[PDB]
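# 3D model of this:
(7 chains, ligands or ions: 2)
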Amino acid sequence: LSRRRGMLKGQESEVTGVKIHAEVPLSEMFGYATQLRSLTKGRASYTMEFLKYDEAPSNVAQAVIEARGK
Amino acid sequence: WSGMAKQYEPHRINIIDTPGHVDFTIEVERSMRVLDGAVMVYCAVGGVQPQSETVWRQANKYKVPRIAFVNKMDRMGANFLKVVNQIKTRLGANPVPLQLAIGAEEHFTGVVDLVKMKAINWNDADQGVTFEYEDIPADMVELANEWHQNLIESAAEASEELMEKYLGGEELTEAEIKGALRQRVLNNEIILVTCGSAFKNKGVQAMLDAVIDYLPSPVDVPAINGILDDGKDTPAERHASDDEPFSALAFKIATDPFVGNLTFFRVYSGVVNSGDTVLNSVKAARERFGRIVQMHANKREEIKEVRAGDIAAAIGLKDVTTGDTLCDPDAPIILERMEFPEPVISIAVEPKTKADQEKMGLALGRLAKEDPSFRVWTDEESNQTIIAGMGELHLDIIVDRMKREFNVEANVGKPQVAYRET
Amino acid sequence: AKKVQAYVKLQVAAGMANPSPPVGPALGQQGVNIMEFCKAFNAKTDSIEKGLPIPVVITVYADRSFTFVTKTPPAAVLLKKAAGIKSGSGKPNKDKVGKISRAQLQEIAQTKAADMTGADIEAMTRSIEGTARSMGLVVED
Amino acid sequence: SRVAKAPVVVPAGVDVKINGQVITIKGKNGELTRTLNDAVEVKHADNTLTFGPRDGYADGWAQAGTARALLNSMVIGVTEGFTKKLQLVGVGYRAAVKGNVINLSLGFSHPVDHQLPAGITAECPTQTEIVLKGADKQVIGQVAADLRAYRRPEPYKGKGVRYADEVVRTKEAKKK
Amino acid sequence: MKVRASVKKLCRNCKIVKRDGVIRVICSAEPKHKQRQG
Amino acid sequence: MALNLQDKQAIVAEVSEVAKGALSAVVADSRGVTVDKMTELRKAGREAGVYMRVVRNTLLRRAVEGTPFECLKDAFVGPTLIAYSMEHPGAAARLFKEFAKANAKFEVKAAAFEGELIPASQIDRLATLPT
RNA sequence: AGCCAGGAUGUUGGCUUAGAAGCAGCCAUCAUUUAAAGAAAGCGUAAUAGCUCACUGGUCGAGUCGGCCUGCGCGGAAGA
Ligand SMILES: [Mg+2]
Ligand SMILES: [Zn+2]
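Numbering: from 1, shown residues only, chains lettered A, B, ... in the order given. Ligands and ions are numbered 1, 2, ... in the order given. Shown next is the protein structure:
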């Protein structure tokens, strides 16, 4: 989750699992579970829900300006 | 299946095999409520594994009475007792071993039963289909004695009178042992585990006998809870016997290679007969019930009659989605199940030819009805379609089904992230 | 006997000692139950204070037995809502440790001298005296 | 240094024979003989065995300490002998023994039979572990390293031939 | 290993050795710190 | 980091209190936790006094330089590891025996409390309360 | 150097009332206890664990430890 440009906010451990909260950007999550299952031996799942907005320097959005609908 | 050398009349055992991938887990979700029991297969060397615990949770949600098979005793490094203990400590179950292993790998020839107290070594050499009992084998007699004694203690704690009778120094008969073990296996007490090797065809012949001995019947499993459209709870317990009006449960639409519908339907109560009328009580829709088909011995038998507990499939036009009830106009409308998994992986998709967006629209429309664990989307940043599925493979075996079923090719892509600026 | 395998030195606000999903990912791998988790550590802590983490032991038995003698929150640890300043150590040279008086600091070092004992009570007194100045600012009286 | 400047005190019942440079030590286990580097002076001297650097040989003290340690090991071999213990971790890894041949079943398609050198007797108290016994330290260490090299331990699941005391430093496969 | 023209101890656990006229580093703890020449 | 000056100073400082003081005890504790050598030391400081440092001084000439001032036969503590504690309250008091009492209870070993020939005592307990 | 234990009671130092938990969020801390606790520099790092900073304690008893200047060498050093 830290590899992804995501920030963790608390990780309470309930029994038989650990509950880990982190407001990760959506761009850094487009195949998460398959990788997460590799990381968890297929014993974990993730639930994500949009919260807010912030910035990270990426002219990749300048890369996608004139490719479609200039 | 009549019985392995001990037989008791034709039983139509009805079998739904289950897949093993979390990717396509809805076929295990729908096919666990529809089930009365479940044979929890296991790898005698792999043991219990991510999917085994996953399907364990699946069954626990429906409290299905489950017995377990332990396959793969020929592979080197396989040991029945270790996997048995794994169940005891990886799933929090009470794994009563109603069998035992005679050897491992090459050694495997038979299994020590704790009630017959014999170990039948099948005649695999001519054909597995032939079988033979053997009196009290010395190799496992000390191990079997201690493990069999353990089984009697479970039979005892099974009934209160029995417990005290077990404290009477007296043993248990060929009916109180099983009837004690069975009568609560119906109620989610303990999972019976038998070992075998479907490759070498041993253990299995006995496994079928255990299913009759302990796995529940539609008359043994408790009666089904029911409800109407408005009455918060019309009890609607449909007594299983087909004396109530016809009341089934449809669990899977099918892309039949020829028919195009083949929605399987599991009849709990009542009797539909080669042409009747029932409504989509979950959808508020009406249509007839034409051509029931039940496939047995791999021959696709066509049936004009389907009854209580009788698993079959239907050819029709009007859609019945998975977990949708097929009750009579009497209508115990809603059955409690209204659950489908939310998609865990969402990927964009678009055809290779720019004019098959309509065809890819209609194909994904159909492939979205065929399983509920597969959403299709239209996000508003752009018209781009998003095929949100459960797993990578779940929606990777659908990008090529369009290639196979609907002869349309698509090119997937990462979804476009909504980027607003300020 | 069993202190070695389960191990988390952590105490959240002890209005309820050790709430189950409140602490963090070290006690999740700890079989200790919640039935007696905050019964005698939310009420019997009144020997020092209520609202401060009750310093306790993490000793249970493999036979499911649980015995321990809980210590108290420090007089410096209590210096977040009881001794005034919510700020404290790390910046006692760039900030104040609070309007702390030694007319109270010595009394607190003497009356809270039960858990950390010694040959002479002045030893635990100097212990707490270094504990407060472990921030860098202590009552100069 | 203070290695060679320390006598190898022979036990009771061992027969040492310092013939020139090459030297034999007889014992209860067997017989070990060693050709000392010519830069070493060794005497019996009343139940001991002492080494001293010959004159004209700048590397006299290195060879002195070396020869002293080697003869100490030879003595301990002829009286006690050294016993190496190996284990087979990994599923289906079994190492049954037939006389002077260790039949290792270590996962290769081909069968593995390492014919022991003269002097090392391998036994297996279990399907999956070897216990080498021998008279010479160097050759038993060599046989252990020979067996271990067939299926060396690996950094992920410890599978392979390992010494009983070996501390295999493992690691995780990947994040992925 | 690395064949840098300059071997140095990268860890507390590394050792300088001169096997066969080549100056190697043999770190028992981290096998990345294992160096050959120079 | 015990320098020679500091060495001769500390040996003399820990030997003077025992030389002009009373009969004390020592232990042989090479395997104990901070807690075991700590609570026993607190007990020992409560019994007699807080002057005793629990550090050990069993070097081959630590006691062979301090104990040999008078009653030099009391220089028999060289071979085994030792961290002593004084007992001003009476010869062969509880402190001169509490170490050996705890030798098998919550403590490793107590060097048998060899004693010292201050009055040239023999095998017996020096103080008996006739009371 | 080798060989026999330990590296607190504030001790999760309060230390940005999520902890960066003896060793990343920042800092100044033996204060009985001392040979110990540094209150941080890898294994977890979020703890533990057993090694870790070090240090004594015992064991046996001869030099050892670093840097500086230096002579000759060593690797750096691959072409048809
Ligand atoms: Mg040069
Ligand atoms: Zn290194």
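
# Give the bridge partners for residue E:2, please.
Counting by DSSP bridges, residue E:2 forms beta bridges with residue E:35.

# pretty sure it is touching residue E:35, no?
Yes. Between residue E:2 and residue E:35 there is a contact under Cβ atoms under 8 Å: 5.2 Å. For the C-beta atoms, the positions are set from N, CA and C on the backbone; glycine is no exception.

# Neighbour count for these two, which is higher?
Higher neighbour count among residue E:2 and residue E:35: residue E:35, with 22 against 13, using other Cβ atoms under 10 Å in any protein chain shown.

# and that one, what does it touch?
Residues in contact with residue E:35 (Cβ atoms under 8 Å, 6 or more residues apart in numbering or on different chains) are E:1, E:2, E:3, E:4, E:7, E:8, E:10, E:24, E:25.

# And it, how close does it get to residue E:1?
To residue E:1, residue E:35 is 6 Å away according to Cβ to Cβ, to the nearest Å.

# what do you get for residue F:43?
Distance, residue F:43 to residue E:1, using Cβ to Cβ: 58 Å.

# I figured residue B:45 was touching residue B:71, is that so?
No. Using Cβ under 8 Å, residue B:45 is not in contact with residue B:71; the gap is 9.8 Å.

# of the two, who's got more company?
Using other Cβ under 10 Å as the criterion, residue B:45 and residue B:71 rank with residue B:71 on top: 23 against 20.

# what's that one in contact with, if anything?
B:41, B:42, B:43, B:44, B:196, B:197, B:198, B:203.

# what's the answer for residue C:102, then?
Neighbours of residue C:102 in contact, by Cβ under 8 Å, 6+ apart: C:138, C:139, C:140, C:141.

# quick one, strands of chain F?
Applying DSSP state E to chain F gives strands spanning F:25-26, F:84-85.

# Kindly report the same for the stretch 1-150 of chain B.
Assigned by DSSP state E, counting those that start in this stretch, the strands in the stretch 1-150 of chain B fall at B:38-40, B:66-70, B:110-112, B:119-121.

# Name the nearest residue to the closest residue to chain A within chain C, ignoring sequence neighbours.
For chain C, the residue closest to chain A is residue C:28, as judged by Cβ to the nearest Cβ, at 2.3 Å. Excluding its sequence neighbours, the residue lying closest to residue C:28 (Cβ to Cβ, 6 or more residues apart in numbering or on different chains) is residue A:13, at 2.3 Å.

# Give me the distance between the one you found and residue B:365.
43 Å.

# okay, these two: which has more neighbours?
residue A:13 (21 against 10).

# Which strand or helix spans the residue located most distally from the centre of chain C?
For chain C, the residue at maximal distance from the C-alpha centroid (Cα atoms, centre = their mean) is residue C:63, at 27.8 Å. Using DSSP states H and E, residue C:63 falls within no helix or strand.

# check contacts around the closest residue to ligand 2 within the stretch 51-200 of chain B.
Nearest residue of the stretch 51-200 of chain B to ligand 2, counting by Cβ to the ion: residue B:77, 36.7 Å away. The contact partners of residue B:77, taken as Cβ under 8 Å, 6+ apart, are B:45, D:91, D:92.

# What is the nearest of those residues to residue E:14?
Among those, residue D:91 lies closest to residue E:14 (Cβ to Cβ), at 35.7 Å.

# wait, the closest one sits on residue B:76?
Yes. Using Cβ under 8 Å, residue D:91 is in contact with residue B:76, at 7.0 Å.

# shared neighbours of these two, which are they?
residue B:45.

# List the contacts of residue F:23.
Neighbouring residues of residue F:23 by Cβ under 8 Å, 6+ apart: F:87, F:91, F:92, F:96, F:115, F:116, F:118, F:126.

# can you count the residues close to residue C:75?
Counted with other Cβ under 10 Å, the neighbours of residue C:75 add up to 22.

# thought it was touching residue C:111?
No. Using Cβ under 8 Å, residue C:75 is not in contact with residue C:111; the gap is 9.4 Å.

# Near chain F, which residues of chain D are found?
By the rule Cβ under 8 Å from any Cβ of the partner chain, no part of chain D lies against chain F.

# Next, the contact list for the residue in the stretch 301-422 of chain B positioned nearest to chain F, please.
Residue nearest to chain F within the stretch 301-422 of chain B (Cβ to the nearest Cβ): residue B:344, separated by 50.4 Å. Neighbour list for residue B:344: A:33, A:45, A:46, B:389, B:390, B:391 [criterion: Cβ under 8 Å, 6+ apart].

# now do residue F:48
Contacts of residue F:48 by Cβ under 8 Å, 6+ apart are F:24, F:85, F:86, F:87, F:88, F:89, F:93, F:95.

# By proximity to ligand 2, which residue of chain F wins?
Residue nearest to ligand 2 within chain F: residue F:1 (29.8 Å; Cβ to the ion).

# that older thread, quick check, nearest of the contacts of residue F:48 to residue C:123?
Nearest member of the contacts of residue F:48 to residue C:123, counting by Cβ to Cβ, is residue F:85, at 15.5 Å.

# what number of residues lie near the closest one?
Neighbours of residue F:85 using other Cβ under 10 Å come to 24.

# Does it touch residue F:26 like I think?
Yes. The criterion here is Cβ under 8 Å, and residue F:85 meets it with residue F:26 at 7.5 Å.

# Output stretch A:34-42 as CSV - backbone C-alpha positions only.
Extracted in CSV, the C-alpha atoms of stretch A:34-42 (Å, rounded to 0.1, in the frame of the first residue of the first chain):
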residue,chain,number,x,y,z
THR,A,34,-4.7,-10.3,-7.9
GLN,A,35,-1.5,-8.8,-6.5
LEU,A,36,-3.0,-8.7,-3.0
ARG,A,37,-3.9,-12.4,-3.3
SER,A,38,-0.3,-13.1,-4.3
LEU,A,39,0.7,-11.2,-1.2
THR,A,40,-1.9,-12.8,1.1
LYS,A,41,-1.9,-16.4,-0.3
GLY,A,42,-5.5,-15.7,-1.6
